[PDB]
Amino acid sequence: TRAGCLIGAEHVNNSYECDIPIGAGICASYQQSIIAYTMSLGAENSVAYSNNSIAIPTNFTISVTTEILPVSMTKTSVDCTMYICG
Amino acid sequence: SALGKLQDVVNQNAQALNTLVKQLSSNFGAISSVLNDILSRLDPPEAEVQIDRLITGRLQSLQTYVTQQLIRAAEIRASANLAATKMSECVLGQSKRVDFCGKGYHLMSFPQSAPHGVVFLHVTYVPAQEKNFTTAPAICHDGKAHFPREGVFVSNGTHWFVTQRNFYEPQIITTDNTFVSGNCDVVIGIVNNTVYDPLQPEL
Amino acid sequence: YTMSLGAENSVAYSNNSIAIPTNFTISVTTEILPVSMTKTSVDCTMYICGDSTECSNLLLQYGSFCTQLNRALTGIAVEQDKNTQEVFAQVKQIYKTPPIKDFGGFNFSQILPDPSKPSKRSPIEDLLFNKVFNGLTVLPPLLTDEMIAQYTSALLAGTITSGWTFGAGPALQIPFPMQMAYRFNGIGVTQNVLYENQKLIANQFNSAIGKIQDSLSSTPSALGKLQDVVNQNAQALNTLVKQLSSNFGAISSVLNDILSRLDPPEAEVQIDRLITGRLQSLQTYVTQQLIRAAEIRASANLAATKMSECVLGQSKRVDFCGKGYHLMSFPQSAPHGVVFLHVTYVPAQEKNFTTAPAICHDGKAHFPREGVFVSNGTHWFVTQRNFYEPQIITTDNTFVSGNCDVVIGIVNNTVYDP
Amino acid sequence: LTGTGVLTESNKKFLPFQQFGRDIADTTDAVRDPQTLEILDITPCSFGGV
Ligand SMILES: *[C@@H]1O[C@H](CO)[C@@H](O[C@@H]2O[C@H](CO)[C@@H](O)[C@H](O)[C@H]2NC(C)=O)[C@H](O)[C@H]1NC(C)=O
Ligand SMILES: *[C@@H]1O[C@H](CO)[C@@H](O[C@@H]2O[C@H](CO)[C@@H](O)[C@H](O)[C@H]2NC(C)=O)[C@H](O)[C@H]1NC(C)=O
Ligand SMILES: *[C@@H]1O[C@H](CO)[C@@H](O[C@@H]2O[C@H](CO)[C@@H](O)[C@H](O)[C@H]2NC(C)=O)[C@H](O)[C@H]1NC(C)=O
Ligand SMILES: *[C@@H]1O[C@H](CO)[C@@H](O[C@@H]2O[C@H](CO)[C@@H](O)[C@H](O)[C@H]2NC(C)=O)[C@H](O)[C@H]1NC(C)=O
Ligand SMILES: *[C@@H]1O[C@H](CO)[C@@H](O[C@@H]2O[C@H](CO)[C@@H](O)[C@H](O)[C@H]2NC(C)=O)[C@H](O)[C@H]1NC(C)=O
Ligand SMILES: *[C@@H]1O[C@H](CO)[C@@H](O[C@@H]2O[C@H](CO)[C@@H](O)[C@H](O)[C@H]2NC(C)=O)[C@H](O)[C@H]1NC(C)=O
Ligand SMILES: *[C@@H]1O[C@H](CO)[C@@H](O)[C@H](O)[C@H]1NC(C)=O
Ligand SMILES: *[C@@H]1O[C@H](CO)[C@@H](O)[C@H](O)[C@H]1NC(C)=O
Ligand SMILES: *[C@@H]1O[C@H](CO)[C@@H](O)[C@H](O)[C@H]1NC(C)=O
Ligand SMILES: *[C@@H]1O[C@H](CO)[C@@H](O)[C@H](O)[C@H]1NC(C)=O
Ligand SMILES: *[C@@H]1O[C@H](CO)[C@@H](O)[C@H](O)[C@H]1NC(C)=O
Ligand SMILES: *[C@@H]1O[C@H](CO)[C@@H](O)[C@H](O)[C@H]1NC(C)=O
């Protein structure tokens, strides 16, 4: 591969969502052996565009997303003199 | 791996601390890493050379720790700043910012406390079960061009209705949910329909 | 000379005078942001000691210093892929535009991928791309330029055919000029303004965006912002390498000359001397690389929020998505960064009008429902404040609150009853 | 002048009096063969993380 020489994984012609990234567009995953492939960026899709057509939702769903953010970290301190000279 | 993001902070600091402590066992070229062995084994006029050698080594490792701790602190501060604005705009209000308070149309958020951090539960509205409809930018009516006041003009295949664009809910097109601007010879793609006048049934 | 701060100007302020734009222009602003930087890493042992065994073993007396340095650079290298992914991968699916590109007169061929080229990049991206060993190594990105181009294409196709719905939910088709009409209402300009000027708008858009390709060909310092990132990292790397020729007080900078020229019991002093010098220079490199990485991360965070709010929506934030009233944005891929083309509405050709806060009518005070009350010198009209379009004042475009004895500056007129 | 690496034929042309060349970082990039005067490039022996 561009990233380097990959030994023990087999090369397949099927793209998949990435799992363990290697680099240069190549990802690896475990099937019943380890494979390497060009990663997929997303599902294939198309919008049914037309100059006189619109889509309008008729039923909605409600979902809850969990977002985690760090705020603080352990207040570690050390005095230089005791650390160095005991 | 749901809370890995807060765990990563704990792990980086735990490693930095443990590294700083194990580093004391390093001798940096001295005969021994332990000051008590060189001061008792080696005559003072030379022991001072090895003591100074250990100080340079240990002072450098401490300087390295502090420098990385300052950089890491900056990252945490930036996250804290984000959490602070996010709480004000997602919890104490309703942001209009896309994908700021999660994916979808933000309704409200409910914060939860976590060790060394905050977790936001974002409640969002998500469109679903859409259908294909035929549209027009305006309705032509006895020569005038009628534009939707708030929603869009759609057709179910036989009749024209006006709907809000975020939820299908068809209304008959009337003079109270449209407005007139210009005429039928200007708008591109204008269609011919009847606009209901709520007053006509009486007069 | 003493610098000028801006042109001399004054606003023709008066307690009863307003200016209202009568004709608008549309322009495209180019905003360049760095997202990532070269994933440079170096191993401490080979950098410092090369192939000298006695150096390699002596270096163990510095404990974990090499581990800390190797770890810090690894952390940055990982962060660089995270920075790229969080900016470009805003989609669930890769969307494409239709074979028949009828967008109501709006020409996007400059920003959409060019199928005649093996790289399949847009005509503008082409300019963005064309203008910009001893223990060290550079690792490739997870997402190659081709994959970045595919994400960008998905975003443009989404933006053009489904507006912002592909961001919040499923991608729901909408006629292009109709989503533009929505975008006009979103800035306080009623949609009928677009429909009566659709040809004009499409022509202003097409010219404003075409000018981007021309401007970038004549302005070397257009993409300097991404080049500066490349230059700082290139200098840091080259400095780190040339620094190895420094001897730091040793008789020679080269380990192979001191180990073969000078007896071992003393050579170790000079080897240790070189290690201290080289370890210090490596520590300096890593420290600056961490600080620089933080700057890039902050930019990547900005690019990520800016894409979500400018491309997958319509922000209301002033000068966030460029100067003017934001309508929409079209991202373009660039080496180590992202370029946003911001399409904005700008007021123009304003005229002076006389105003009133309210109209007095048979004792009641009538306030405008949505626009403002203006006078052309003989008659009172109500207009939207972002575009002159006079309407007769009627009971359907005003509301009543209080009476004529309360409002300051109220004027006497006739309010039409349909 | 010492070094280590892989010697390959160079496509570079040295002036008649030049014996070796250096890159931007002042590192030996190529040498002249002192007996037949062909120019040899010096590439690094591969290395990298595993
Ligand atoms: C479009 O909507 C109209 C109004 O609902 C549909 O017409 C009605 O059809 C029902 C039968 O399902 C009749 O009982 C009503 O009397 C009809 N109303 C009118 C005003 O005609 C119409 O069929 C729908 N068109 C399509 C293609 O679904
Ligand atoms: C909407 O109704 C108007 C009439 O009010 C139609 O106008 C006709 O346009 C054609 C040209 O296509 C002329 O030859 C006719 O003489 C016009 N009729 C009249 C009475 O002037 C218009 O075509 C209709 N539009 C649609 C889409 O049906
Ligand atoms: C969109 O704009 C491009 C120019 O950017 C148009 O392409 C040009 O078409 C003319 C013929 O009318 C050729 O002579 C030029 O050489 C083409 N230029 C380039 C760069 O290809 C394109 O036709 C326009 N498309 C639409 C629908 O307006
Ligand atoms: C609003 O401004 C536009 C320019 O942005 C005017 O359109 C131009 O009109 C001149 C003639 O005076 C033509 O030569 C140009 O080619 C037109 N440009 C475009 C893009 O169409 C427009 O007429 C002005 N409208 C009003 C009401 O003032
Ligand atoms: C203010 O606007 C009114 C309405 O357009 C102008 O009055 C019209 O003037 C035209 C001539 O240009 C006449 O044909 C119309 O019959 C007039 N309408 C009415 C209701 O009188 C008026 O002149 C404008 N005032 C100024 C100072 O420009
Ligand atoms: C608007 O109309 C009212 C009448 O409906 C005017 O009221 C007059 O105010 C003056 C004081 O300035 C009194 O002396 C008159 O007796 C009032 N008239 C009536 C019938 O009560 C009011 O002045 C008018 N405002 C303007 C700006 O013309
Ligand atoms: C991929 O397809 C090529 C033909 O284009 C074929 O020769 C090759 O063997 C295939 N590789 C795999 C892993 O199936
Ligand atoms: C609309 O029609 C197209 C066919 O042109 C189809 O592919 C698409 O799935 C339809 N969309 C909906 C919401 O029914
Ligand atoms: C859509 O395009 C067709 C040509 O294929 C044209 O006849 C029709 O009038 C157009 N409709 C609109 C709203 O532009
Ligand atoms: C409004 O009138 C003032 C004079 O008081 C003039 O300076 C200003 O340019 C005019 N503004 C416009 C838009 O005509
Ligand atoms: C503006 O100021 C003048 C005094 O110069 C005053 O007569 C007039 O009523 C004021 N108009 C308003 C709306 O305040
Ligand atoms: C090396 O020896 C050959 C004879 O085989 C001679 O032709 C050549 O010039 C010599 N090279 C140098 C640098 O003297």
# chains A, B, ... in the order shown; residues from 1 in each chain; ligands from 1
$ residues_near_ligand --ligand "ligand 10" --cutoff "6 Å" --atoms "only C-alpha atoms and all ligand atoms" --output "list in words"
residues 12, 19, 350, 351 and 352 of chain C
$ residues_around --residues "stretch 34-49 of chain A" --least-positions-apart "2" --cutoff "8 Å" --atoms "only C-alpha atoms" --output "ChimeraX atom specification"
/A:8-18,25-32,51,53 /C:91-98,147,150-151,158,161-162,171-175
$ interface_residues --of "chain A" --to "chain D" --cutoff "12 Å" --atoms "only C-alpha atoms" --output "list in words"
residues 3, 4, 5, 6, 7 and 22 of chain A
$ closest_residue --among "B:90, B:187, B:161, B:20" --to "residue C:104" --atoms "only C-alpha atoms"
B:187
$ residues_near_ligand --ligand "ligand 6" --cutoff "10 Å" --atoms "only C-alpha atoms and all ligand atoms" --output "ChimeraX atom specification"
/C:359-364,404-405,409-413
$ interface_residues --of "chain C" --to "chain D" --cutoff "7 Å" --atoms "only C-alpha atoms" --output "MDAnalysis selection string"
chainID C and resid 238 241:242
$ write_last_selection --atoms "N, CA, C and O atoms" --output "short mmCIF file (atom, residue, chain, number, x, y, z; two decimals), in the first residue's frame"
data_model
loop_
_atom_site.label_atom_id
_atom_site.label_comp_id
_atom_site.auth_asym_id
_atom_site.auth_seq_id
_atom_site.Cartn_x
_atom_site.Cartn_y
_atom_site.Cartn_z
N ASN C 238 13.30 21.35 8.85
CA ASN C 238 14.62 21.61 8.31
C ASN C 238 15.57 22.12 9.39
O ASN C 238 16.77 21.81 9.36
N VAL C 241 16.75 19.17 11.51
CA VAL C 241 17.78 18.39 10.84
C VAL C 241 19.12 19.11 10.78
O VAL C 241 20.15 18.51 11.06
N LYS C 242 19.13 20.39 10.40
CA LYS C 242 20.41 21.09 10.32
C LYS C 242 21.06 21.22 11.69
O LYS C 242 22.29 21.22 11.79
#
$ residues_around --residues "residue A:83" --least-positions-apart "2" --cutoff "9 Å" --atoms "only C-alpha atoms" --output "mmCIF file with N, CA and C atoms, in the first residue's frame"
data_model
loop_
_atom_site.group_PDB
_atom_site.id
_atom_site.type_symbol
_atom_site.label_atom_id
_atom_site.label_comp_id
_atom_site.auth_asym_id
_atom_site.auth_seq_id
_atom_site.Cartn_x
_atom_site.Cartn_y
_atom_site.Cartn_z
ATOM 1 N N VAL A 78 3.250 19.808 42.083
ATOM 2 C CA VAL A 78 4.435 19.247 42.699
ATOM 3 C C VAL A 78 5.390 20.349 43.060
ATOM 4 N N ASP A 79 5.998 20.292 44.241
ATOM 5 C CA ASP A 79 6.957 21.345 44.511
ATOM 6 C C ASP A 79 8.316 20.907 43.943
ATOM 7 N N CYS A 80 8.968 21.871 43.264
ATOM 8 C CA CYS A 80 10.303 21.614 42.605
ATOM 9 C C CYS A 80 11.295 21.173 43.590
ATOM 10 N N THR A 81 11.482 21.718 44.743
ATOM 11 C CA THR A 81 12.550 21.342 45.641
ATOM 12 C C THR A 81 12.431 19.921 46.157
ATOM 13 N N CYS A 85 15.265 17.134 45.132
ATOM 14 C CA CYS A 85 16.286 16.886 46.160
ATOM 15 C C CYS A 85 15.827 16.033 47.330
ATOM 16 N N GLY A 86 14.543 15.782 47.499
ATOM 17 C CA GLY A 86 14.124 14.973 48.634
ATOM 18 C C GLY A 86 14.584 15.579 49.960
ATOM 19 N N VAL B 21 7.232 10.584 37.974
ATOM 20 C CA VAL B 21 7.759 9.880 39.132
ATOM 21 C C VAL B 21 8.767 8.799 38.758
ATOM 22 N N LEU B 24 12.449 9.692 38.049
ATOM 23 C CA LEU B 24 13.404 9.944 39.123
ATOM 24 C C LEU B 24 14.408 8.810 39.268
ATOM 25 N N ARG B 58 16.690 16.106 36.513
ATOM 26 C CA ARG B 58 15.380 16.151 37.143
ATOM 27 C C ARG B 58 14.673 17.480 36.924
ATOM 28 N N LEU B 59 15.425 18.566 36.863
ATOM 29 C CA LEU B 59 14.828 19.865 36.633
ATOM 30 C C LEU B 59 14.279 19.897 35.217
ATOM 31 N N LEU B 62 11.063 17.912 34.992
ATOM 32 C CA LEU B 62 9.972 18.628 35.623
ATOM 33 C C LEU B 62 9.501 19.751 34.721
#
$ residues_near_ligand --ligand "ligand 5" --cutoff "8 Å" --atoms "only C-alpha atoms and all ligand atoms" --output "VMD selection string"
chain C and resid 375 to 380
$ residues_near_ligand --ligand "ligand 4" --cutoff "9 Å" --atoms "only C-alpha atoms and all ligand atoms" --output "VMD selection string"
chain C and resid 22 to 26 197 199 to 205 207 348 to 349
$ residues_near_ligand --ligand "ligand 9" --cutoff "8 Å" --atoms "only C-alpha atoms and all ligand atoms" --output "PyMOL selection string"
(chain A and resi 50-52) or (chain B and resi 135-137+188-190) or (chain C and resi 102+104)
$ closest_residue --among "A:72, A:1, A:77, A:66" --to "chain C" --atoms "only C-alpha atoms"
A:1
$ closest_residue --among "D:33, D:8, D:14, D:40" --to "ligand 12" --atoms "only C-alpha atoms and all ligand atoms"
D:33
$ residues_near_ligand --ligand "ligand 12" --cutoff "7 Å" --atoms "only C-alpha atoms and all ligand atoms" --output "PyMOL selection string"
chain D and resi 34-37
$ write_last_selection --atoms "N, CA and C atoms" --output "PDB file, in the first residue's frame"
ATOM      1  N   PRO D  34      35.280   7.436  -7.857  1.00  0.00           N
ATOM      2  CA  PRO D  34      36.615   7.947  -8.063  1.00  0.00           C
ATOM      3  C   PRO D  34      37.422   7.199  -9.105  1.00  0.00           C
ATOM      4  N   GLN D  35      36.947   6.036  -9.547  1.00  0.00           N
ATOM      5  CA  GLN D  35      37.699   5.272 -10.532  1.00  0.00           C
ATOM      6  C   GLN D  35      37.089   5.354 -11.936  1.00  0.00           C
ATOM      7  N   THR D  36      35.759   5.356 -12.034  1.00  0.00           N
ATOM      8  CA  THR D  36      35.129   5.418 -13.360  1.00  0.00           C
ATOM      9  C   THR D  36      34.365   6.731 -13.593  1.00  0.00           C
ATOM     10  N   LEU D  37      34.235   7.528 -12.540  1.00  0.00           N
ATOM     11  CA  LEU D  37      33.566   8.829 -12.536  1.00  0.00           C
ATOM     12  C   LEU D  37      32.082   8.825 -12.887  1.00  0.00           C
TER      13      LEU D  37
END
$ decode --residues "chain D" --atoms "C-alpha atoms" --output "compact mmCIF listing (two decimals), in the first residue's frame"
# COMPACT_ATOMS: atom_id res chain seq x y z
CA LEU D 1 34.00 10.70 2.96
CA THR D 2 31.98 8.15 4.87
CA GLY D 3 28.29 7.28 4.93
CA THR D 4 25.84 4.41 4.70
CA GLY D 5 22.93 3.59 2.44
CA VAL D 6 22.00 2.25 -0.97
CA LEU D 7 24.00 3.22 -4.03
CA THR D 8 22.20 3.60 -7.35
CA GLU D 9 23.00 5.20 -10.68
CA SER D 10 22.33 8.94 -10.63
CA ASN D 11 20.82 10.99 -13.43
CA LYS D 12 22.58 14.09 -12.11
CA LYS D 13 25.51 15.81 -13.72
CA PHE D 14 28.40 17.05 -11.64
CA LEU D 15 30.82 19.68 -12.81
CA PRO D 16 34.27 18.19 -13.71
CA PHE D 17 35.83 19.22 -10.38
CA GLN D 18 33.03 18.16 -8.04
CA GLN D 19 33.34 14.98 -5.98
CA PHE D 20 30.09 14.72 -4.08
CA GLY D 21 26.83 16.57 -3.72
CA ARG D 22 24.59 17.70 -0.91
CA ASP D 23 20.89 18.45 -0.46
CA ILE D 24 19.00 21.38 1.09
CA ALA D 25 19.74 20.21 4.64
CA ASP D 26 23.46 19.86 3.78
CA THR D 27 23.34 16.04 3.80
CA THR D 28 25.29 13.93 1.28
CA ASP D 29 22.93 13.19 -1.58
CA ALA D 30 25.32 11.73 -4.17
CA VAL D 31 28.95 10.87 -4.81
CA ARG D 32 31.25 10.45 -7.77
CA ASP D 33 32.88 7.07 -8.32
CA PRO D 34 36.62 7.95 -8.06
CA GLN D 35 37.70 5.27 -10.53
CA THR D 36 35.13 5.42 -13.36
CA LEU D 37 33.57 8.83 -12.54
CA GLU D 38 29.94 7.77 -12.80
CA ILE D 39 27.61 9.55 -10.41
CA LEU D 40 25.95 7.46 -7.74
CA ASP D 41 22.96 8.56 -5.71
CA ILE D 42 22.82 7.64 -2.08
CA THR D 43 19.45 6.72 -0.77
CA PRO D 44 18.75 5.94 2.91
CA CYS D 45 18.28 2.31 4.00
CA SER D 46 14.60 1.90 4.64
CA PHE D 47 13.38 2.21 8.16
CA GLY D 48 10.13 3.08 9.81
CA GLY D 49 7.70 2.25 12.53
CA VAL D 50 6.22 -1.22 12.56
